[PDB]
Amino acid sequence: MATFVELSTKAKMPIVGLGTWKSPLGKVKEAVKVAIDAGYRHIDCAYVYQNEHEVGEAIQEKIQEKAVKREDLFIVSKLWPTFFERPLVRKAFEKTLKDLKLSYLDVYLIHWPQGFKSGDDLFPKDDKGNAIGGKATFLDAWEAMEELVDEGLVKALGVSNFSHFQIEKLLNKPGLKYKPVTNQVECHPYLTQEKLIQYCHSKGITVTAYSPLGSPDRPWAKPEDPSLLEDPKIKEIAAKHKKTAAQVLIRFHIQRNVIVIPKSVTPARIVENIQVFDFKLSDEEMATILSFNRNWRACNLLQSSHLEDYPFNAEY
């Protein structure tokens, strides 16, 4: 019901998907079922979210119950930066694929460009609190991920939280086999990503907007932080369309041809968040919303700001 953004592979990626970060065990399975019933086909997952097995249970049940076919679903997961060494890329992917109970993934993303030390910890740190970097780089990881496409286990690869310099470094890699089909980055009216979107699109790379509602449930949210859902100017535009602020925040991306993945575990909101194909923001409304840019990020992975490929030191 969601319309599509065409990838460079000619595959069609549904323009609205369901986000699953912070969706707890015991709720995410029902959230995915409700989403599929409401017409969602794209689900955004990750190893680090530690809930992929319940997403997998939901998908498996909906398929068997004949509510949906696998070919019509678009499932994305991500390789966490502690798994950049070749044997670990395969191990991590295999765990993700097993948890999701799938025979293939539609897109597999590098979750962050900066590599972390391999071992048992997901966030390895020294005795100061800083993140310990890894031995392998995202270029090393990419080479192992390409093997997954060669073998038919993943349809396409992509990146997440990459700056244009990092995409350039990937596109320029000697022996490159597969180009990224998307860059999944934070995007919303307070972080409009104009230059990065322009860059990605110029290279035939789509953009997937994460935290489009401003991630109000992020653990580190502070009272004084900007709040998109409460922005009276967003609400003003919404009320005009008899829509919610959330629906305007989602529709904003659709009209820039940017894929968007709002997260909810509340059935009414899951349904609400995909009722976004029955109205249209005017050119004036789009320009007003675009003017709200504050260069504000909900997600910074601050503790990894000192690593070589920390992505947010670049302008874009």
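Each residue number is its position in the shown sequence, starting from 1.
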Higher-B stretch (mean Cα B-factor, as the entry records it), 67-75 or 159-167: 67-75
Per the entry, higher mean C-alpha B factor between 130-138 and 102-110: 130-138
Residue with maximal Cα B-factor (values as given in the PDB entry) among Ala298, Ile15, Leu18, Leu25: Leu25
Out of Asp217, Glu186, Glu236, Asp150, residue topping the C-alpha B-factor column of the entry: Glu236
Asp37, C-alpha B-factor rank within chain (lowest, middle or highest third): middle
Record-listed C-alpha B factor of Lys222: chain third: highest
Entry-reported Cα temperature factor of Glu54, expressed as the chain third it lands in: middle
Entry-reported Cα temperature factor of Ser118, expressed as the chain third it lands in: highest
Among modelled residues of the same chain, the CA temperature factor third for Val181: lowest
